[PDB]
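Visitor:
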Amino acid sequence: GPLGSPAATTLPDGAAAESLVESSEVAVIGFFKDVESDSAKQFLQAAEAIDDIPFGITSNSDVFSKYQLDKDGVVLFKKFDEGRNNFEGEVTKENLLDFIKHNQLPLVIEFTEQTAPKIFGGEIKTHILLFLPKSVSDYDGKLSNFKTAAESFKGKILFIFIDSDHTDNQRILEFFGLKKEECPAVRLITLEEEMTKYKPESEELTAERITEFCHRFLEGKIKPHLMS
């Protein structure tokens with residue numbers, strides 16, 4: 049019965065490393081000298097618990113040199129964005145699963161049929177939504193600005209963008225109770241103790257608008273919900 053293989057892929061060389069990657073858009077590798085330690089085992093049980101993103105491991109000296117390292121440590125590989133995210137230090141199955149799932153996705157994500165489910169999850173997090181009309185033409189510019197702002201608040205909030213989709217996004221508009229007056233705007237969403245949405249108001253500048261919203265929130269401001 050040709051079937052059944054470890055969720056974690058260990059490559060004693062770079063060549064084997066790239067192989068596992070090509071077999072998966074995004075993958076995370078961990079450097080462990082003595083996998084015999086209870087830590088290493090915990091990391092394994094975790095990688096298996098979640099098959100969302102394949103995990104790999106390495107302990108060869110040749111590998112560390114390639115990445116300019118001389119000590120253990122795990123790092124996540126991604127197509128875009130950072131590409132590599134070295135874990136702080138604490139090796140935990142639960143804490144690792146979160147970092148992986150939270151790092152498995154880009155700093156920003158466009159609203160789409162696939163994004164709908166990807167959002168429902170996250171597990172209590174703060175993310176802002178930006179409504180963009182066409183999006184085309186300003187992709188490079190907007191992206192460059194988004195990344196900058198995202199990196200500044202990386203690990204605290206994720207900036208998402210929504211495509212006007214005046215056609216397929218019809219249902220979405222209904223939920224927000226918006227019609228004809230369906231013009232560009234910025235909306236922020238929070239997650240922790242409840243599911244509350246934030247609607248825009250004043251008109252400033254692209255980044256200044258989004259960055260201004262976050263600041264207000266972290267400034268210990270009041271809850272949005274509606275207008276008083």
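With our numbering applied, the sequence shown corresponds to residues 49 to 276, in that order.
Built from N, CA and C at the ideal position, the CB exists for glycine as well.
(1) Hey, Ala-55 and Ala-95: beta-carbon distance below 8 angstroms or not?
(2) Given a cut-off of 8 angstroms, decide if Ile-172 and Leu-236 are closer than it, judged by their beta-carbon atoms.
(3) Would you call the CB atoms of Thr-238 and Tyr-246 closer than 8 angstroms?
(4) Buried or exposed for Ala-97, going by 16 or more other Cβ atoms inside 10 Å?
(5) Among the candidates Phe-261, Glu-161 and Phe-207, whose CA atom is the shortest distance from the CA of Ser-192?
(6) Buried or exposed: which applies to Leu-266, given that a residue is buried once 16 or more other Cβ atoms fall within 10 Å of its Cβ?
(7) Just tell me which of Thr-160, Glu-142 and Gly-170 has its CA closest to the CA of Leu-153.
(8) What is the DSSP secondary structure of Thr-163, counted as helix, strand or coil?
(9) With DSSP run on the structure shown, which of helix, strand or coil describes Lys-149?
(10) From the DSSP output, which residues share a beta bridge with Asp-110?
(11) Between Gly-169 and chain C, is the shortest Cβ-Cβ distance under 8 angstroms, so that the two count as touching?
(12) If we count the other Cβ atoms within 10 Å of its Cβ and call it buried at 16 or more, is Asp-120 buried or exposed?
(13) Considering only DSSP beta bridges, list what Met-243 is partnered with.
(14) Start and end of the beta strand (DSSP E) containing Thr-174?
(15) Is the stretch 123 to 136 in contact with the stretch 160 to 169, if contact means three or more CB pairs nearer than 8 angstroms?
(16) Check this for me: beta carbons of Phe-194 and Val-156, under 8 angstroms apart or not?
(17) Between which residues of its own chain and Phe-201 is the CB-CB distance below 8 angstroms, once the five residues before and five after are set aside?
(18) Just mark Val-76 as buried or exposed, buried being the case when its beta carbon has 16 or more other beta carbons within 10 Å.
Guide: On the basis of the data shown:
(1) yes
(2) no
(3) yes
(4) exposed
(5) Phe-207
(6) exposed
(7) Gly-170
(8) helix
(9) helix
(10) DSSP output for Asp-110 lists no bridge partner at all.
(11) Included in the structure is just one protein chain, with no chain C present.
(12) buried
(13) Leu-239
(14) 174 to 180
(15) no
(16) yes
(17) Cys-262
(18) buried
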